[PDB]
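In structure tokens, one chain follows: the form deposited in one PDB entry.
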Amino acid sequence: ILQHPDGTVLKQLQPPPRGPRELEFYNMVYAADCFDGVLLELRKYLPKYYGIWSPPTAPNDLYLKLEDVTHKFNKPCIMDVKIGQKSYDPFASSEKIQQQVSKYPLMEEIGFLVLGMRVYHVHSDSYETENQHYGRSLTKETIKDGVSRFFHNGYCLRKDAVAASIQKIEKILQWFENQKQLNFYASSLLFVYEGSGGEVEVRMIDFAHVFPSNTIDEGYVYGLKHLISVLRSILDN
């Protein structure tokens, strides 16, 4: 992710097949002839898409030009959460499945994984960052506190941001419960709140493993439900 002053990010396409698949996903969704009600509603929950972009002198070098979801914040607190029971897709090899499950073998049980967070702390005027090893170290016993950390400014628990996050996740959940045409593997929710009142972004990102489907995305729904449940419990802290 390259953060651009104009309020966009440039995401470099991942190597094939993943990068191409994410391009086709955005292209399908934001198809200017699309009157598919499911895909039109989905746009709300994605970064705005500005199409494929390459450097003027380098058409080989493919990026997606996306809305920077953090742009309108002063001191954004950002958390990336991978959603689902499986982070491998329907066409993964045995080795690939093993690779994916071994990265975090608790994915089936919990249904989400914190990829990272950046949390602004008021009283130190500084950011605490957690990397992928943080979320991958969380278990059933520590997931509530693991998530809570995102919402601590170093004086209070931001229950406003927690409650707002539940409400925005709920709308994404409602979308998923009204579509049986896409299944999403190894995709994430990007959470943003203001670290400097109930002012939150919750957006879907990372679409290298989105596939056509005939069914409810049961794994994704499970993940959203469990995440909402964790966030709900945090409101009782």
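Each form is matched to the other, and the largest set of C-alpha atoms that superpose within 1.5 Å is called the rigid core. All residue numbers are counted from 1 along the displayed sequence.
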| property | result |
| --- | --- |
| Interresidue gap class [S196, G197; deposited sequence, unmodelled] | 4 to 9 |
| Stretch with the greater mean C-alpha B-factor as recorded in the entry, comparing 180 to 188 against 24 to 32 | 24 to 32 |
| Mean C-alpha B-factor comparison - 87 to 95 and 106 to 114, higher one | 87 to 95 |
| Among modelled residues of the same chain, the CA temperature factor third for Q174 | middle |
| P55 CA temperature factor, ranked by third within the chain | highest |
| Chain third (lowest, middle, highest) by recorded CA B-factor, residue given as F150 | lowest |
| Chain-wide C-alpha B factor ranking for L66, given as lowest, middle or highest third | middle |
| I1 CA temperature factor, ranked by third within the chain | highest |
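There is another form of the same protein, the form deposited in another entry; it is not shown, and what comes next is about it.
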{"property": "Sole residue of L182, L173, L62, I205 shifting 2 angstroms or more in CA between the shown form and the other one, core aligned", "result": "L173"}
{"property": "After fitting the core, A164 CA displacement of 2 Å or more between the shown form and the other one", "result": "yes"}
{"property": "CA-CA separation of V119 and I166, closer or farther in that other deposited form than in the form shown [shift of 3 angstroms or more]", "result": "closer"}
{"property": "Direction of Cα pair change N178-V221 in that other deposited form, magnitude 3 angstroms or more", "result": "closer"}
